[PDB]
């Protein structure tokens, strides 16, 4: 029943929002470029529309990344799809080279699964649990995963523990889920109480920053401790090849990078038999 999400012996490299540093975030121009650059999958976010259809989108409003205005929850999928999701992407020249071009449109989570059936999906449920969109999003998320037979290649996480709570009750543990911050805090507590005898019963991915308020979280003993706790350690914001090799040798299993170009370089270093 447990999903075999992690296969092989090489850590998965994810492009942050499809590789937002090089191409407009959440657009096909980004997913195509990152996939060409040799990434293992896409880190992404989902928002629910008025049609109750999940779209690949980060902000609650389309103002930052499109030519439109307003919340995604107030727009239809048809209205959202007339917008240019590359309208505000600027290169270092100051130009917007992808404004008005093809493949600059918003995508639904359904079309993302059908179009890239070989990529791993690390998806974030963004809508708050208190909201109306957040109540029905976990179910719609599972239905989309279920309709595309992608139980073993999608990782559903959230900043809110309750969204992971509500997705996991529907998914029956048939889809890998991210670890909440409260669950890790109470994992450390049951460790000190029960000694090293404790481990988490179900493996969950805990994605971390490489640094937080001056505190380095790349300690080899911390990564080893998490693995001994049966907590799968991962890191986002990894934008150098030496840090990628460092986390790979310490035991991290997921890497989210804004720079998908380094993924191809990382893969050349590792052997093909590990995959």
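Residue numbers count along the first chain shown, from 1.
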**Report entry** Mean C-alpha temperature factor, higher of 48-56 and 25-33
**Finding:** 48-56
Query raised in the report: Which is higher on average in the deposited entry, the C-alpha temperature factors of 113-121 or of 141-149?
Result: 141-149
Requested in this report: For the C-alpha B-factor as written in the entry, point me to the maximum among 210, 239, 65, 69.
Outcome: 69
Report task. Please pick out which of 155, 92, 165, 105 has the largest Cα B-factor as recorded in the entry. Result -> 165
Query raised in the report: Which third, lowest, middle or highest, does the CA B-factor of residue 253 fall in along this chain?
Result: lowest
Report task. Name the third of the chain's ranked CA B-factors that contains residue 259, choosing lowest, middle or highest. Result -> middle
Report summary line: Entry-reported C-alpha B-factor of residue 205 relative to its chain, by third, is lowest
Query raised in the report: residue 39: which third of its chain by C-alpha temperature factor?
Result: lowest
Query raised in the report: In terms of the CA temperature factor given in the entry, to which third of its chain does residue 83 belong: lowest, middle or highest?
Result: middle
